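Working through the structure, step by step
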Amino acid sequence: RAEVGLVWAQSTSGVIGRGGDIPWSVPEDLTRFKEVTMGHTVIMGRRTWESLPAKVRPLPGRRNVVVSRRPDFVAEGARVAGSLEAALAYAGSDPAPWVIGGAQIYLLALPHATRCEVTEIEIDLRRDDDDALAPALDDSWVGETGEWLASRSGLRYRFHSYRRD
Ligand SMILES: NC(=O)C1=CN([C@@H]2O[C@H](COP(=O)(O)OP(=O)(O)OC[C@H]3O[C@@H](n4cnc5c(N)ncnc54)[C@H](OP(=O)(O)O)[C@@H]3O)[C@@H](O)[C@H]2O)C=CC1
Ligand SMILES: COc1cc(Cc2cnc(N)nc2N)cc(OC)c1OC
């Protein structure tokens, strides 16, 4: 088995996206994200692809895979996959492909997943109807939660690192 991983950043309340963007500034999260995903396949939903600045995509040093129901969708510098099953196939021999968002794609991949790396951001965001939300993890997941750390931005964050099987 490839060890299928999910990686995301959420507010304590579970928001991951608002108005198409990440609704906070925590540089340290992007560092952790890169440190987690470098050298691996990164699988993402079409909307997440379009949320990435055009100048920042595809993510360098990683095989980019975009999931869309449209067989003719084009993602320059990425492979387009018609299902999470097809995306995982494209990861080939990668021992640890990572699913990197967003909300709909996390729900799709969750049944396949054996690792989650979650950054929690201490910011008071009240869930709105149009927010993208993190999936809820049940207690079949085990691992560790680090201490709260001060970001350069003045917010606190911490890492959660879970596995199952
Ligand atoms: N805080 C964080 O860690 C992160 C936050 N984000 C945020 O999350 C938000 C995006 O999340 P979300 O809106 O849910 O969108 P997603 O990024 O999950 O992509 C949704 C798209 O995936 C495709 N898709 C969904 N299900 C299937 C399926 N079963 N088979 C084939 N294709 C499928 C569809 O594309 P199509 O319509 O083209 O067919 C759909 O529109 C953005 O705001 C982004 O900024 C993103 C990544 C990380
Ligand atoms: C490298 O920059 C981005 C990375 C991500 C995805 C992402 C970001 N952080 C974490 N912890 N997990 C993720 N999947 C999402 C982004 O925007 C939606 C990014 O652009 C700022």
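For this deposited structure, the header cites X-ray crystallography as the method used and 1.89 Å as the resolution.

**A word on the pairing of strand β4 (residues 63–67)**
Regular strands place their side chains on alternate faces of the sheet. Within β4, four of the five residues are buried, which leaves the element mostly enclosed by the surrounding structure. Where strand β3 (residues 41–45) and β4 come together, five bridges link them in parallel fashion. Across the sheet, residue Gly45 finds its bridge partner in β4, namely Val67. As for the winding sense of the linkage, the β-α-β connection from β3 through helix α2 (residues 46–51) to β4 is right-handed. As paired elements, β4 and strand β5 (residues 79–81) share three bridges and run parallel to each other. Across the sheet, the residue bridging to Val67 is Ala81, located in β5.

**With respect to the site of ligand 1**
Around ligand 1, the surrounding shell holds 26 residues, and the nearest of these are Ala9, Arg46, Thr48, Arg69 and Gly102. Contact between ligand 1 and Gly20: an oxygen atom at 3.1 Å from a main-chain N or O atom of the residue. A distance of 3.3 Å separates an oxygen atom of ligand 1 from a polar backbone atom of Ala103. Relative to its free-state accessible area of 950 Å², ligand 1 is covered by the protein chains to the extent of 87%. Sorting the residues of the shell around ligand 1 by element identifies β1 (5–11), β2 (15–17), α2 and α4 (103–109) as the ones contributing at least two each. With five residues, the top contributor of residues to the shell around ligand 1 is α4. For the shell around ligand 1, a count of residues per class yields 11 nonpolar, 10 polar and five charged.

**Focus: the nonpolar core**
Ranked by size, the top nonpolar core spans 21 residues in total, and within it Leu6, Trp8, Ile43, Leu84 and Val99 carry the most contacts. Every element with two or more residues in this core is listed here: β1, β4, α3 (84–90), α4 and β7 (115–122). Those residues within four positions of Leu84 in sequence are excluded, and the remaining contacts are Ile43, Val67, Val99, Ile105, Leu108, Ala109 and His112.

**A closer look at the site of ligand 2**
In the vicinity of ligand 2, the residues found are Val7, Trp8, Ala9, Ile22, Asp29, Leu30, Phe33, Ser51, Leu52, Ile100, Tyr106 and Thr119. At a separation of 2.9 Å, a nitrogen atom of ligand 2 approaches a polar backbone atom of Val7. A distance of 2.9 Å separates a nitrogen atom of ligand 2 from a polar atom in the backbone of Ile100. Here ligand 2 has 490 Å² of accessible area as a free molecule, and 83% of this is covered by the chains.

**Brief notes about the environment of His160**
The topology assignment puts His160 in strand β11 (residues 156–163). Along the backbone, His160 and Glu144 are 16 residues apart, and their C-alpha atoms lie at a distance of 5.9 Å. In this structure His160 touches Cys116, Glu117, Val118, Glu120, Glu144 and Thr145, once residues within four positions along its chain are discounted. Only 2.8 Å separates the side chain of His160 from the side chain of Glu120, close enough to count as a polar contact.

**Quick word on the pairing of β7**
β7 sits mainly inside the fold: seven of its eight residues count as buried. By the bridge criterion, seven bridges tie β1 to β7 in an arrangement that is parallel. Counterpart to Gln10 in the pairing with β7 is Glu120. By the bridge criterion, eight bridges tie β7 to β11 in an arrangement that is antiparallel. Each bridged residue has a counterpart across the sheet, and for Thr119 the counterpart in β11 is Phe159.

Scoring rules and cut-offs
Residues numbered from 1 in each chain as written, not as in the entry; some residues may be left out. Chains lettered and ligands numbered in written order. Heavy atoms only, no water. Residues with missing side-chain atoms left out of burial classes, pairs and counts. Buried < 20%, exposed > 50% of the residue type's maximum accessible area, 1.4 Å probe, protein only. Helix = DSSP H or I, 4+ residues; strand = E, 2+ residues; numbered from the N terminus. Pairing = 2+ DSSP bridges. Right-handed = clockwise from strand over helix to strand, strands pointing away. Near = heavy atom within 4 Å. Polar contact = N/O pair within 3.5 Å; in protein donor to acceptor, adjacent residues only side chain to side chain. Areas by Shrake-Rupley, 256 points an atom, 1.4 Å probe, with all protein chains shown as cover. Nonpolar A, V, L, I, M, F, W, Y, C, P; charged D, E, K, R; others polar. Core = buried A, V, L, I, M, F, W, Y, C linked by side-chain atoms within 4.5 Å. Contact = heavy atoms within 4.5 Å.

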